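Quick setup: one chain, the form deposited in one PDB entry, written in structure tokens, and binding and motion questions come after.
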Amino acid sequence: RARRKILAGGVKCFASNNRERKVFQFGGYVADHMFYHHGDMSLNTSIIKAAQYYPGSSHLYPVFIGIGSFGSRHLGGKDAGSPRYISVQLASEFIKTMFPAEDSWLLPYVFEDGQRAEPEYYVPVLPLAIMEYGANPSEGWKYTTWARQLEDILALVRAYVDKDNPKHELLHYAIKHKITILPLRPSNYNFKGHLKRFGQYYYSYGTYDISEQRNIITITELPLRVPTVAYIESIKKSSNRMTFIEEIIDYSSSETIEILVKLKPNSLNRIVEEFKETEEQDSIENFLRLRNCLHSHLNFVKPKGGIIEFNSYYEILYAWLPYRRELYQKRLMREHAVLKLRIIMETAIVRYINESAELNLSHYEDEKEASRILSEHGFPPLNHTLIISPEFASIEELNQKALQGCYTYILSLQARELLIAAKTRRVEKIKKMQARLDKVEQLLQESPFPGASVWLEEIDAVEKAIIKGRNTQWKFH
């Protein structure tokens, strides 16, 4: 959807350099390159929504670095600043680790009007369809979903990737019967409350402090995903609760929650004798709306087009791994396929220098008659600008247009390129990709799946980026 359009425009805009760019300038840049004409304000609203970072927001970690005040938890991000003055910055550290740049070349792209368009789906290192809540880039329809905690998904992927994990075969065993032995619980970060589960439903509860010596009630923790002003109007809606309330003053503030509530002790005695004495929670936390029922709207984008429904978070996750699993296989095979093409290219040029001016002569260089002569010499008729510079080409079309290439990668070089010093750089390079080919050859042969070792390293890189972001003052330097 529009989320993928902004992300691809963001990395393309800051590919040359990652600096400070105005949101309006960034919004126009995104719209210009992908012909997105749904509205600059709507696009800027989605950009702010994607780049917002507040406790309880739909995006736990923003795609772009948040510059300035993009919103607050009181209004649910509706108090964003003017896009003309405020700026946006791409998160170079996280996106590079989360989204593999070299894997972006192999994504399934769609083409319209003879120009590149957005991919149908992005498959990053971790499933972003779980860690992020529901959001509304458009108007009218609001998406609402609850994110799992950032510990259970890591245990799921690490067991599915690392060979030394004790729950490796058991995890694969659980896939066939869909028993889901591994646990999956909602998020807990930036929530100083309680999570309690009955049946198939989850509930969130806030924290309140009652002090007898000073007769002052202190509010500590707000619920998970309700606006502060929404909680205020919720307690001011009921007519009967007005008789129970004498004074309520809002002391909520950003990064500091300390609200004093005045309630006379005369009232506390008769609260518990007409509220049915609920067994789940006390009437003190029942009078104030601190409980939110959870009804997860679990959906995923259809690869063929459309929407799908799943019974549990496991079904979303269990189908996400094979898509990421196949991409690790594809990136290694294509890299191996293109690497050997560079091997024969460098060797042929070095062999050309061996049969150059110093030793042998092939200066005829005829078009058709010498084509067979050069064929007998063993020089491959491979085209340049493709092997040296790969592009959005898959494995099966790579060899077809490379073997049936063209010349001018030979006999059109600089006259200094056939020197001994120039040859030394070439012969010291041909071993480098040959050694790198051995590393790839050692991979793509593991029994579970190709590229298991790199997946663990990519997971560690994601963890390092998250820790560094939360350590400093959101500066990443």
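Residue positions are given as counts along the sequence shown, with the first one as 1. In this text, the rigid core denotes the largest set of C-alpha atoms whose superposition between the two forms falls within 1.5 Å.
Form deposited in another entry: not shown, discussed below.
Looking at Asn188, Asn311, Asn136, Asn292 after a core superposition between the shown form and the other one, you find that only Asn136 has a C-alpha shift of 2 Å or more. For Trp320, the Cα coordinates differ by under 2 angstroms between the shown form and the other one after the core has been superposed. Superposition on the rigid core between the shown form and the other one places the CA atom of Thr408 2 Å or more away from its counterpart.
Comparing the forms between the shown form and the other one on their rigid core, the Cα displacement of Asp438 stays under 2 Å.
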